[PDB]
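K.L.:
just dropping in an experimental structure and the matching sequence.
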Amino acid sequence: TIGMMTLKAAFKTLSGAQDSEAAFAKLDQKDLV
Amino acid sequence: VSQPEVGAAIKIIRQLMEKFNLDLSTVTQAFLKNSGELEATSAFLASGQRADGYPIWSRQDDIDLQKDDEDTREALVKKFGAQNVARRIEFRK
């Protein structure tokens, strides 16, 4: 199981965008389709 | 968060991206709706359903989860099962 903050760190690292923090927040906020 | 934890997560995320040919966001969002569980997330990405016979989490469910209301919590338990609800609280902590 990947913890939420670990998942965030991994996403930010792989993303490579200074926008990653907000982008992650949007993924958590929006339902998956 | 420790470097080892992030490295392990990155490895898993990358494998899933290649195995199912999906972008970073799709895989990451799937983990978020499955409370970071590998099996459930992979089963979900492969079939569209978790392997335990329960749905993934939605925004309304997460909002409901924080309501100090017995009726709301019972409805969540019926929809996800007591175990998944406990794991969600822990995941969201």
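P.N.:
Perfect, I can see it now. Residues are numbered from 1 along each chain as shown, chains lettered A, B, ... in the order given.
K.L.:
and for residue A:23, the neighbour number?
P.N.:
Residue A:23 has 15 neighbouring residues, counting by other Cβ atoms under 10 Å in any protein chain shown. From N, CA and C alone the C-beta is placed, and that goes for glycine too.
K.L.:
measure it to residue B:24 for me?
P.N.:
10 Å (Cβ to Cβ, to the nearest Å).
K.L.:
quick check: neighbours shared by the two?
P.N.:
Residues touching both residue A:23 and residue B:24 by Cβ atoms under 8 Å, 6 or more residues apart in numbering or on different chains: A:11, A:15.
K.L.:
after the host helix or strand of residue B:60, which helix or strand is next?
P.N.:
Per DSSP states H and E: residue B:60 is located in helix B:59-65. Using DSSP H and E, the helix or strand that directly follows helix B:59-65 along the chain is helix B:70-80.
K.L.:
can you check what angle separates the helix or strand following that next one from helix B:70-80?
P.N.:
Counting by DSSP H and E, the next helix or strand C-terminal to helix B:70-80 is helix B:82-92. Helix B:82-92 and helix B:70-80 are oriented at 110 degrees to each other (axes from the mean of the first three to the mean of the last three Cα atoms, to 10 degrees).
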